[PDB]
Amino acid sequence: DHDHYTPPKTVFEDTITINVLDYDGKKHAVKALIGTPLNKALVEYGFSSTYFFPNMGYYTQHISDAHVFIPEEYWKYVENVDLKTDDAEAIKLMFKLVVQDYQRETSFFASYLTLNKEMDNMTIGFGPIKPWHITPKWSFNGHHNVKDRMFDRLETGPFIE
Amino acid sequence: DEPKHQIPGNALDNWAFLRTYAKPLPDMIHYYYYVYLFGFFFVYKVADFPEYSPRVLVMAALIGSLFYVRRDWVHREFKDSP
Amino acid sequence: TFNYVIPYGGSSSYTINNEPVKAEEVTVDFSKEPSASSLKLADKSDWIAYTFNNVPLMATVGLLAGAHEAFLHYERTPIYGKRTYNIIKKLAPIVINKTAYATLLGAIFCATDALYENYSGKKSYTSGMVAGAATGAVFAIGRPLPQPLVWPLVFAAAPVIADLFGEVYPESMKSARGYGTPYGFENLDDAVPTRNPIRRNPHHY
Amino acid sequence: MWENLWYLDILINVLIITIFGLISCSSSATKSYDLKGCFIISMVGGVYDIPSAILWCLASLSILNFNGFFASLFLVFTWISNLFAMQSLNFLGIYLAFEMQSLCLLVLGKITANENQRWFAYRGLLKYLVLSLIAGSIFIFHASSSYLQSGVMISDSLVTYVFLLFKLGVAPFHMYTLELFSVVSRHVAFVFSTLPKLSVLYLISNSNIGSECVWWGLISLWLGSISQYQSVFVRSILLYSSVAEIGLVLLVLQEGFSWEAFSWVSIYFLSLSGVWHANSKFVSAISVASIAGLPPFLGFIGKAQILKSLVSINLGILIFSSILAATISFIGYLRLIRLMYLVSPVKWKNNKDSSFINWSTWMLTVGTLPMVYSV
Amino acid sequence: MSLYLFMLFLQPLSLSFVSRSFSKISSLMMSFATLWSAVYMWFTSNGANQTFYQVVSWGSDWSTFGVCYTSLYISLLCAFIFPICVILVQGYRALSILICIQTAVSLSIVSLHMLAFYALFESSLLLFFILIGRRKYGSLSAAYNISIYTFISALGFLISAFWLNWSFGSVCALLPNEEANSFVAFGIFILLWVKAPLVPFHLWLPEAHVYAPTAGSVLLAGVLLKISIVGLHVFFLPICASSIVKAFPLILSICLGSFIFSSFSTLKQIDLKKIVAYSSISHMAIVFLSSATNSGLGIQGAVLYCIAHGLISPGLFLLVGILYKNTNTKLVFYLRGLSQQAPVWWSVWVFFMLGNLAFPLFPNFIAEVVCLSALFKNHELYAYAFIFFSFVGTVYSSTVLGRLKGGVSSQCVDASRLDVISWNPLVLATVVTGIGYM
Amino acid sequence: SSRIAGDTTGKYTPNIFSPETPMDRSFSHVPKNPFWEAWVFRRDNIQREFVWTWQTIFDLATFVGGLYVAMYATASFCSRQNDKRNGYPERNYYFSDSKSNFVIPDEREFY
Amino acid sequence: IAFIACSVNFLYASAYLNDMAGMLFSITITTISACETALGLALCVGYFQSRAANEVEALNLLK
Ligand SMILES: CCCCCCCCCCCCCCCCCC(=O)OC[C@H](COP(=O)([O-])OCC(O)COP(=O)([O-])OC[C@@H](COC(=O)CCCCCCCCCCCCCCCCC)OC(=O)CCCCCCCCCCCCCCCCC)OC(=O)CCCCCCCCCCCCCCCCC
Ligand SMILES: CCCCCCCCCCCCCCCCCC(=O)OC[C@H](COP(=O)([O-])OCC(O)COP(=O)([O-])OC[C@@H](COC(=O)CCCCCCCCCCCCCCCCC)OC(=O)CCCCCCCCCCCCCCCCC)OC(=O)CCCCCCCCCCCCCCCCC
Ligand SMILES: CCCCCCCCCCCCCCCCCC(=O)OC[C@H](COP(=O)([O-])OCC(O)COP(=O)([O-])OC[C@@H](COC(=O)CCCCCCCCCCCCCCCCC)OC(=O)CCCCCCCCCCCCCCCCC)OC(=O)CCCCCCCCCCCCCCCCC
Ligand SMILES: CCCCCCCCCCCCCCCCCC(=O)O[C@@H](COC(=O)CCCCCCCCCCCCCCC)COP(=O)(O)OCC[N+](C)(C)C
Ligand SMILES: CCCCCCCCCCCCCCCCCCCC(=O)O[C@H](COC(=O)CCCCCCCCCCCCCC)COP(=O)(O)OCCN
Ligand SMILES: CCCCCCCCCCCCCCCCCCCC(=O)O[C@H](COC(=O)CCCCCCCCCCCCCC)COP(=O)(O)OCCN
Ligand SMILES: CCCCCCCCCCCCCCCCCCCC(=O)O[C@H](COC(=O)CCCCCCCCCCCCCC)COP(=O)(O)OCCN
Ligand SMILES: CCCCCCCCCCCCCCCCCCCC(=O)O[C@H](COC(=O)CCCCCCCCCCCCCC)COP(=O)(O)OCCN
């Protein structure tokens with residue numbers, strides 16, 4: 001009994017940087033912690049509210065998702081979803097209403113990928129999104145010209161504008 | 001760690017199946033226009049229909065419910081081919 | 001009774017009868033009687049005639065379903081791109097097959113219902129159950145395991161639901177009035193109407 | 001000339017308030033409370049009966065939450081259209097009043113959209129417009145054929161029934177409500193999903209515009225309930241609830257139960273006010289419960305009036321459908337309750353503008369016992 | 001009666017004005033005051049008034065309240081068992097929800113108007129959805145189950161009440177009305193079918209009980225299941241006796257099937273709470289059948305057995321809650337050596353389990369004897385069927401006790417002073433009823 | 001390494017910062033098992049492994065339907081015997097097709 | 001075009017029956033139709049001015 005305690009690692013040790021290609025085409029180095037979902041890491045960095053959309057699930061709209069392109073090597077770390085459940089209904093709805101034609105075989109949602117040590121120096125890109133609407137407040141006209149941050153939105157998710 | 005439900009299927013195969021819903025989406029106005037027009041004409045015609053037995057009506061409702069196809073179903077399976 | 005010593009409810013004498021008393025002095029009816037068309041369609045005497053009179057409904061429902069599916073397919077196809085294939089050739093089977101299957105199922109249901117009623121000689125729930133079961137059996141000819149049990153049940157149940165709430169319910173609750181004195185209890189001193197209330201004129205649409 | 005004066009007074013009142021508001025337009029009073037009060041006083045000159053007094057109450061409550069002279073003027077225009085719809089005696093009154101109301105909806109929807117919200121709002125307004133044009137054109141064409149055949153314009157006809165079916169939004173004529181009300185402001189959707197109904201119900205009840213067919217209400221009840229259960233978005237849940245209920249109400253109103261529909265519309269207005277003008281979780285929960293029909297709230301009385309009317313007509317299919325559809329709707333309302341208090345931490349904007357919202361919540365709680373006589 | 005109703009209305013009222021730190025003390029004092037008012041109502045109820053001991057009306061048919069034999073026993077049971085629920089619950093939110101649920105339930109029992117009955121019983125619908133679906137220890141599935149089952153059954157009951165109000169013109173129990181309609185009987189019956197769990201409409205109960213707090217489970221089993229017997233005696237048998245006699249072979253089939261299938265299902269349970277829940281479902285069948293016989297022996301037996309269950313099931317649910325607090329487990333497999341480790345908890349557990357098995361010195365024995373006598377009055381086979389299958393309850397209870405009784409355990413998990421205080425009233429009441437002061 | 005959290009005198013304080021573990025209610029919790037927890041999960045979520053097979057249909061119909069049929073038949077027999085015993089006319093039961101309207105015996109009448 | 005057709009039908013009926021009701025309904029159609037068109041065209045212009053660069057046939061919803 002009484003095995004050796006493992007001291008925790010410092011943040012410097014557990015910070016991984018990901019290169020994220022934005023809509024305008026600039027590359028940003030997004031430092032991220034291992035064990036965090038990609039959506040949260042992207043939100044904290046300071047991307048605009050236009051780059052993210054609520055998860056279109058019965059009870060998941062509070063989460064903010066993004067359309068991302070993942071390199072073939074990191075497909076393993078994406079999370080499996082049961083078709084006969086409602087998580088699949090969420091994903092199908094987001095593909096039908098947000099991604100649409102801009103879909104590619106590499107297209108995935110940030111919430112379903114969790115950052116790990118093996119994802120260091122990974123290059124991801126924001127995938128193009130079509131205009132979408134849920135409520136007048138929660139919508140995307142199609143113009144990526146607002147300079148706010150998704151972090152600065154306190155309201156958790158859509159309900160009634 | 002906690003016990004979790006087993007998900008049938010491989011991760012990439014399920015995601016590929018989900019990605020077949022990401023197709024050009026038509027506007028719903030086109031469907032609505034036709035439904036409104038035909039529905040108005042249908043309501044006008046319904047006043048002249050013969051009186052049907054309740055049993056026949058219920059059976060027709062059942063058949064219509066069974067034969068109704070959800071819009072998502074056609075959307076996922078639609079192929080632009082012969 | 002609201003006591004623990006004697007049985008609740010009551011007993012009514014079978015020998016003693018109460019002579020019927022009219023709800024009102026003058027009765028004005030705003031409910032029209034069944035049309036001659038309704039009786040003609042309802043006549044199950046000749047199975048072939050019964051079937052041919054009642055199939056229009058199934059055909060219409062099949063046509064609506066086929067039109068729906070055909071429109072969904074047509075809407076997606078792109079006008080801007082020229083298509084090698086003919087759209088009507090692709091879409092016509094959808095509508096035709098849906099209409100044919102719906103008409104066939106409704107024909108089976110109507111035929112079996114009329115044939116059983118004639119052979120039995122009585123109007124009964126069983127006729128609807130056996131017609132539904134036969135339709136559900138035809139629906140589930142090649143379907144996997146659960147469906148052969150489920151469809152004969154759902155289809156058999158549907159005429160039961162129609163009979164219970166379309167025929168038995170209204171006839172069972174014809175006497176209840178709602179105005180004047182309760183149907184059973186006319187001794188009680190409640191205001192007696194000269195005429196029944198006419199809440200609406202007989203419909204004509 | 002004296003009978004004409006009653007009608008003339010409303011016009012004179014509206015014009016003088018309009019020109020006063022135009023002359024006294026300043027940044028210092030963007031919220032023209034004085035004009036809102038003048039408009040409310042003006043609309044008291046059109047109250048002649050109990051339904052007109054309900055029209056006044058609802059219009060005044062709606063006017064309170066509109067900001068600016070322009071929106072309040074267009075609400076007064078909506079009120080005038082609604083008042084004239086109740087008094088319409090032939091096809092011309094019906095067409096004129098309803099199309100004026102459609103114009104007021106198009107303006108109110110257009111002037112309450114931000115620049116960032118124009119893409120979706122203007123699309124939904126255009127789709128509403130085109131569908132309204134189909135409805136109005138089919139109505140007027142059939143009305144012309146009827147006038148030619150009969151020589152007289154009589155408001156007891158299938159043509160008017162189908163048109164008023166479109167206006168109510170039952171059977172397959174409910175899609176305009178879904179498309180338009182999803183993309184517009186919450187207040188505009190609330191005031192135009194409740195107030196217009198009263199005029200149509202009054203017209204139907206007074207002009208004997210009823211049909212023997214029960215298919216349209218049965219369809220609305222089932223479609224609305226199933227679509228409410230399958231809808232991910234909360235605006236769609238609320239929009240489909242109105243479809244289902246107005247389908248049932250249509251079935252009840254055809255059979256002559258005018259009093260119950262006029263009491264229902266008032267309770268539904270009060271119940272919908274707090275859910276639509278969401279600011280507090282508790283107010284929204286009490287509203288959802290009232291729409292659901294839970295017994296401690298006034299919503300129970302409103303639903304009870306309709307259900308009580310249904311048992312009198314003694315149609316079994318309607319009662320069975322009603323029970324199952326109500327259960328399906330209840331699942332959607334439970335979803336709404338789950339979203340607020342059982343899914344995730346909820347943070348909402350501090351829009352502290354609860355004009356009649358506290359009063360409505362109080363009226364929902366307290367009103368059950370006074371109105372128990374009805375049921 | 002007026003004092004009881006006033007105290008009932010004051011208990012939710014008191015919370016609005018308390019300091020938010022005195023909430024628990026005030027709630028306990030209010031619960032005891034409501035119990036004392038119920039005792040006063042019993043004192044002011046003369047047996048000379050055979051039909052209704054007391055009837056009060058406050059201006060309308062809806063506000064007509066009255067106490068009968070069934071109502072008196074159930075109201076006293078609710079007032080007796082509420083203090084235990086109060087002490088077991090902590091937090092203003094929890095207290096508010098519990099006090100509102102109790103007020104609604106206690107007002108439903110004394111109501112004599114079907115529409116008022118519906119208004120009061122179903123008011124506590126969202127509160128149970130929120131209580132069973134609490135953030136960490138609750139299940140959304142159980143909340144949805146209970147809520148949907150209640151809504152569908154109560155809506156059917158409401159439709160029947162509306163027809164009776166339209167046809168007769170009143171729906172108050174005090175006005176003698178009889179109906180032979182089968183649709184209306186079915187509408188009233190479906191509520192009873194669901195509320196008192198009867199196969200196949202019993203699925204909502206076990207889920208709710210497992211994921212409810214101990215105060216909630218105690219209230220549910222103790223009195224919420226009994227609300228069916230008040231509806232049967234007060235709102236079903238007076239008006240729809242003809243339909244119960246017409247359908248007696250079907251009623252008997254469904255009740256016996258419920259008793260058998262529930263007993264067999266209890267055998268596959270590994271969770272203590274699920275075992276207690278399925279025992280309740282099995283026990284409800286005898287009460288339902290006995291009342292449906294429409295005989296003096298049956299109505300009295302059903303009410304007596306209901307009181308015995310309302311004294312024995314809260315005890316088992318309380319002991320299970322205490323054990324779970326001590327160990328954070330409800331799996332019988334993890335719990336071993338409880339005899340040696342908790343001699344005081346074990347003694348009370350064994351006593352309550354003996355009570356659940358209807359042994360002679362327990363109220364269950366007398367109640368069962370009366371109910372079986374009523375069944376034997378109907379037919380000898382009816383009684384025999386129920387008597388024979390009672391062994392299944394013994395098999396599951398014996399297996400559970402044996403698994404818990406012995407083994408190796410390294411944890412002393414015994415009741416504290418607070419836990420003994422909470423069960424002492426239940427123990428004394430069980431003993432007193434067992435000796436014949438029913 | 002341990003300390004007594006409870007104080008009978010009433011001067012109880014939670015030493016959240018104590019190096020030594022408090023002997024609170026959590027001291028007596030039983031250690032769970034990875035395999036037992038998965039067994040519990042599998043037992044509760046047994047609907048996932050449900051499959052409609054002929055054996056399942058056979059077993060369900062034979063025991064559940066079979067018991068229900070036996071119970072209905074017995075109840076019908078007992079009702080028939082009681083009616084014969086009491087001397088009442090054949091009662092109009094729900095599924096019985098009887099050309100008699102008798103349901104509730106008249107208390108005044110002597111059978 | 002459709003509204004004009006209906007108004008013409010009303011004018012035809014008024015000539016057939018020697019009645020003024022159709023002429024008044026027809027003037028009402030002219031007024032309401034013009035107001036509806038003006039509002040709809042305003043909405044169309046506003047919709048077109050807000051179009052994002054990606055959108056191609058914004059006006060052609062039925063595509
Ligand atoms: C050329 C133009 C193309 C159009 C063609 C025609 C144009 C219209 C002309 C005239 C239109 C008027 C009449 C048409 C039907 C009225 C509906 C309507 O117009 O609304 C506008 C509607 C669109 O409105 P929307 O609001 O935008 O869409 C809402 C949905 O969420 C849409 O979203 P969704 O589609 O993705 O979701 C669908 C959802 C929507 O839900 C519904 O469809 C609800 C409808 C349910 C019943 C409707 C009332 C029935 C009463 C009929 C009254 C007559 C009979 C009288 C007595 C009957 C008593 C019931 O339902 C489903 O999930 C699929 C299941 C289908 C029904 C579900 C019930 C299953 C029960 C069967 C039990 C068997 C299972 C057992 C085994 C299960 C194992 C556990 O347009 C149409 O759908 C028209 C298409 C016409 C096809 C109808 C097929 C038969 C028609 C008559 C049969 C009656 C049953 C209705 C079935 C489906 C109707 C939708
Ligand atoms: C003070 C005395 C009041 C006692 C009685 C009131 C009657 C005398 C009116 C005296 C005024 C007091 C207002 C109280 C009632 C309002 C009614 C009314 O006024 O007209 C009725 C009265 C004659 O109509 P009627 O008595 O209804 O009978 C006609 C037929 O029987 C046909 O009409 P009907 O519809 O009543 O037919 C009988 C009906 C049976 O109908 C009934 O039984 C009605 C039940 C009463 C319910 C009351 C709630 C209604 C909400 C409206 C609230 C009032 C707003 C006040 C607006 C006007 C303010 C003055 O049978 C039916 O089946 C039809 C269905 C009726 C609707 C169903 C009822 C449900 C309503 C919704 C309840 C749902 C609950 C929601 C929330 C509840 C929470 C507790 O008209 C007048 O006497 C002249 C109107 C003059 C008003 C303004 C003119 C004065 C100022 C002139 C210049 C203004 C500019 C300067 C401004 C000055 C201030 C700055
Ligand atoms: C004259 C001399 C003076 C002597 C005094 C005599 C005066 C007589 C009465 C005056 C007493 C004051 C009345 C209280 C008003 C505010 C009460 C309140 O807000 O509740 C929570 C509040 C606790 O506040 P809090 O902890 O500080 O945090 C609340 C925050 O604001 C927000 O917190 P949150 O966002 O975290 O929400 C969490 C929520 C979890 O979320 C939910 O569960 C939502 C569920 C929706 C409603 C629940 C449905 C079921 C409710 C059944 C009704 C309960 C009684 C059952 C009896 C059956 C009656 C048919 O949990 C709760 O809020 C508490 C759960 C249980 C309380 C629900 C009962 C309240 C019903 C409606 C309240 C009245 C508001 C009217 C508004 C007026 C103007 C705005 O008050 C309480 O202590 C418990 C409720 C007391 C109920 C008595 C109120 C009467 C309602 C019964 C209806 C009968 C008709 C009315 C006639 C009454 C006598 C004439
Ligand atoms: C028997 C009655 C029961 C039946 C019900 C129907 C009958 C109605 C009876 C009572 C009606 C009471 C209506 C309650 C309205 C609540 C008052 C209100 O809305 O005040 C607003 C008024 O807001 C305005 O816009 C003022 C503009 C006009 C002010 C009033 C107009 C007065 C005109 C004369 C009315 C007299 C009637 C004329 C003759 C009958 C103030 O709220 P806000 O400042 O906007 O936000 C509140 C912020 N917070 C609460 C969070 C602090
Ligand atoms: C909600 C009701 C829907 C039924 C639910 C049953 C379970 C669904 C399974 C699908 C099976 C198809 C439906 C069969 C139910 C009918 C009962 C069969 C009894 C039977 O065959 O007798 C018939 C009369 O029963 C009758 O037809 C009238 C009996 C009324 C049905 C039972 C009413 C209460 C059931 C509700 C239980 C719980 C509700 C939850 C669904 C024959 O009569 P006959 O006149 O032809 O005599 C013969 C002279 N040729
Ligand atoms: C003339 C009409 C002809 C007949 C036509 C019939 C057509 C349909 C009628 C069905 C009406 C019954 C309404 C209950 C529907 C079942 C419950 C919905 C299933 C469901 O998934 O609910 C989830 C939880 O529900 C639960 O956990 C509840 C479990 C199941 C409830 C059991 C139902 C109560 C008892 C049933 C009958 C009892 C007596 C009948 C008289 C919540 O889903 P979500 O919130 O995540 O939504 C996300 C979208 N998937
Ligand atoms: C298959 C086994 C049956 C399952 C039920 C088992 C035990 C339930 C007994 C409940 C006790 C009182 C209820 C009264 C009757 C309900 C069921 C009795 C059996 C039954 O279905 O008889 C039917 C008549 O009942 C009717 O016509 C009404 C049937 C119930 C309607 C279903 C849903 C109604 C909901 C309405 C809500 C409120 C409406 C209020 C206006 C047909 O028997 P039959 O006499 O025609 O014999 C012809 C056969 N050859
Ligand atoms: C798809 C769903 C269903 C598919 C599978 C169903 C398979 C089950 C079929 C057999 C089930 C048991 C047999 C009972 C019904 C047999 C035939 C029914 C006809 C009938 O009533 O005959 C009576 C049977 O004896 C009786 O009165 C009952 C004798 C058997 C009861 C005792 C057997 C087991 C005891 C276990 C306890 C169960 C009952 C507890 C009270 C005696 O004829 P009759 O003289 O009454 O004349 C009445 C006019 N036909």
# chains A, B, ... in the order shown; residues from 1 in each chain; ligands from 1
$ residues_near_ligand --ligand "ligand 8" --cutoff "10 Å" --atoms "only C-alpha atoms and all ligand atoms" --output "PyMOL selection string"
(chain E and resi 252-253+256-257+260+380-386+388-389) or (chain F and resi 57-81)
$ write_last_selection --atoms "C-alpha atoms" --output "short mmCIF file (atom, residue, chain, number, x, y, z; two decimals), in the first residue's frame"
data_model
loop_
_atom_site.label_atom_id
_atom_site.label_comp_id
_atom_site.auth_asym_id
_atom_site.auth_seq_id
_atom_site.Cartn_x
_atom_site.Cartn_y
_atom_site.Cartn_z
CA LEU E 252 -59.23 -9.72 -11.16
CA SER E 253 -57.02 -10.87 -14.03
CA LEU E 256 -53.55 -10.94 -9.91
CA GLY E 257 -51.22 -10.60 -12.89
CA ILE E 260 -47.50 -12.24 -9.77
CA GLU E 380 -62.62 -19.29 -2.62
CA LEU E 381 -60.32 -19.53 -5.64
CA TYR E 382 -59.77 -15.77 -5.58
CA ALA E 383 -58.42 -15.98 -2.04
CA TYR E 384 -56.41 -19.13 -2.73
CA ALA E 385 -54.59 -17.59 -5.70
CA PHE E 386 -53.38 -14.64 -3.62
CA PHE E 388 -50.41 -19.24 -2.53
CA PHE E 389 -48.26 -16.74 -4.46
CA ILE F 57 -41.80 -14.21 -28.57
CA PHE F 58 -42.56 -17.81 -27.63
CA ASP F 59 -41.41 -17.35 -24.02
CA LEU F 60 -43.29 -14.08 -23.58
CA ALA F 61 -46.53 -15.36 -25.09
CA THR F 62 -46.41 -18.70 -23.24
CA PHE F 63 -45.80 -17.32 -19.79
CA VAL F 64 -47.33 -13.83 -19.77
CA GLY F 65 -50.22 -14.38 -22.17
CA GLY F 66 -50.67 -17.92 -20.92
CA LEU F 67 -51.02 -16.77 -17.32
CA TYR F 68 -53.37 -13.95 -18.35
CA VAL F 69 -55.58 -16.39 -20.28
CA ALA F 70 -55.63 -18.89 -17.41
CA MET F 71 -56.51 -16.12 -14.95
CA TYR F 72 -59.32 -14.78 -17.14
CA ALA F 73 -60.74 -18.27 -17.65
CA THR F 74 -60.67 -18.98 -13.91
CA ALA F 75 -62.30 -15.65 -13.07
CA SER F 76 -65.03 -16.27 -15.65
CA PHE F 77 -65.68 -19.73 -14.21
CA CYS F 78 -65.87 -18.34 -10.67
CA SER F 79 -68.30 -15.63 -11.81
CA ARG F 80 -70.48 -18.25 -13.50
CA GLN F 81 -70.49 -20.42 -10.37
#
$ residues_near_ligand --ligand "ligand 3" --cutoff "7 Å" --atoms "only C-alpha atoms and all ligand atoms" --output "JSON, numbers by chain"
{"D": [281, 282, 285, 286, 289, 295, 296, 341, 358, 359, 361, 362, 365, 366], "E": [12, 13, 15, 16, 92, 93, 96, 97, 100, 101, 103, 104, 119, 120, 123, 124, 125, 126, 127, 130]}
$ interface_residues --of "chain B" --to "chain D" --cutoff "7 Å" --atoms "only C-alpha atoms" --output "list in words"
residues 29, 33, 36 and 39 of chain B
$ write_last_selection --atoms "C-alpha atoms" --output "CSV table (one decimal), in the first residue's frame"
chain,number,residue,atom,x,y,z
B,29,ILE,CA,-40.6,28.3,-49.7
B,33,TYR,CA,-46.0,27.4,-52.2
B,36,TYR,CA,-50.6,26.1,-49.9
B,39,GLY,CA,-54.2,22.6,-50.0
$ atom_distance --atom1 "atom CA of residue E:425" --atom2 "atom CA of residue E:324"
20.9 Å
$ residues_near_ligand --ligand "ligand 2" --cutoff "8 Å" --atoms "only C-alpha atoms and all ligand atoms" --output "JSON, numbers by chain"
{"D": [41, 42, 43, 44, 45, 46, 47, 48, 49, 50, 51, 52, 53, 54, 56, 57, 257, 258, 259, 260, 261, 262, 263, 264, 265, 266, 267, 270, 298, 302, 363, 364, 366, 367, 368, 370, 371]}
$ select_by_dssp --residues "chain G" --states "alpha helix (DSSP H)" --output "ChimeraX atom specification"
/G:2-17,21-49
$ write_last_selection --atoms "C-alpha atoms" --output "PDB file, in the first residue's frame"
ATOM      1  CA  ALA G   2     -53.621  37.303 -60.582  1.00  0.00           C
ATOM      2  CA  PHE G   3     -55.099  40.150 -58.539  1.00  0.00           C
ATOM      3  CA  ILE G   4     -55.884  42.039 -61.752  1.00  0.00           C
ATOM      4  CA  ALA G   5     -57.630  38.942 -63.096  1.00  0.00           C
ATOM      5  CA  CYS G   6     -59.824  38.712 -59.994  1.00  0.00           C
ATOM      6  CA  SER G   7     -60.630  42.436 -60.152  1.00  0.00           C
ATOM      7  CA  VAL G   8     -61.597  42.034 -63.814  1.00  0.00           C
ATOM      8  CA  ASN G   9     -63.879  39.169 -62.793  1.00  0.00           C
ATOM      9  CA  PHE G  10     -65.540  41.487 -60.255  1.00  0.00           C
ATOM     10  CA  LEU G  11     -65.998  44.199 -62.892  1.00  0.00           C
ATOM     11  CA  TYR G  12     -67.496  41.575 -65.212  1.00  0.00           C
ATOM     12  CA  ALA G  13     -69.887  40.485 -62.465  1.00  0.00           C
ATOM     13  CA  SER G  14     -70.875  44.098 -61.791  1.00  0.00           C
ATOM     14  CA  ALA G  15     -71.722  44.530 -65.462  1.00  0.00           C
ATOM     15  CA  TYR G  16     -73.668  41.250 -65.459  1.00  0.00           C
ATOM     16  CA  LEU G  17     -75.751  42.139 -62.387  1.00  0.00           C
ATOM     17  CA  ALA G  21     -70.336  46.002 -55.387  1.00  0.00           C
ATOM     18  CA  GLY G  22     -67.739  44.619 -57.792  1.00  0.00           C
ATOM     19  CA  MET G  23     -66.519  48.090 -58.762  1.00  0.00           C
ATOM     20  CA  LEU G  24     -65.859  48.837 -55.100  1.00  0.00           C
ATOM     21  CA  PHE G  25     -64.196  45.525 -54.423  1.00  0.00           C
ATOM     22  CA  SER G  26     -62.055  46.129 -57.535  1.00  0.00           C
ATOM     23  CA  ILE G  27     -60.933  49.590 -56.399  1.00  0.00           C
ATOM     24  CA  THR G  28     -60.094  47.964 -53.069  1.00  0.00           C
ATOM     25  CA  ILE G  29     -58.023  45.335 -54.895  1.00  0.00           C
ATOM     26  CA  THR G  30     -56.189  48.039 -56.829  1.00  0.00           C
ATOM     27  CA  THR G  31     -55.308  49.895 -53.629  1.00  0.00           C
ATOM     28  CA  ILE G  32     -54.325  46.891 -51.518  1.00  0.00           C
ATOM     29  CA  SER G  33     -52.402  45.270 -54.377  1.00  0.00           C
ATOM     30  CA  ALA G  34     -50.343  48.404 -54.987  1.00  0.00           C
ATOM     31  CA  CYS G  35     -49.592  48.794 -51.269  1.00  0.00           C
ATOM     32  CA  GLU G  36     -48.593  45.126 -51.012  1.00  0.00           C
ATOM     33  CA  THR G  37     -46.353  45.410 -54.068  1.00  0.00           C
ATOM     34  CA  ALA G  38     -44.647  48.568 -52.805  1.00  0.00           C
ATOM     35  CA  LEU G  39     -43.935  46.934 -49.438  1.00  0.00           C
ATOM     36  CA  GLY G  40     -42.751  43.699 -51.045  1.00  0.00           C
ATOM     37  CA  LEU G  41     -40.412  45.531 -53.405  1.00  0.00           C
ATOM     38  CA  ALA G  42     -39.008  47.469 -50.445  1.00  0.00           C
ATOM     39  CA  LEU G  43     -38.362  44.163 -48.701  1.00  0.00           C
ATOM     40  CA  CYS G  44     -36.711  42.768 -51.843  1.00  0.00           C
ATOM     41  CA  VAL G  45     -34.350  45.747 -52.112  1.00  0.00           C
ATOM     42  CA  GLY G  46     -33.458  45.503 -48.430  1.00  0.00           C
ATOM     43  CA  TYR G  47     -32.863  41.765 -48.796  1.00  0.00           C
ATOM     44  CA  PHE G  48     -30.599  42.338 -51.800  1.00  0.00           C
ATOM     45  CA  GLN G  49     -28.550  45.069 -50.119  1.00  0.00           C
TER      46      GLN G  49
END
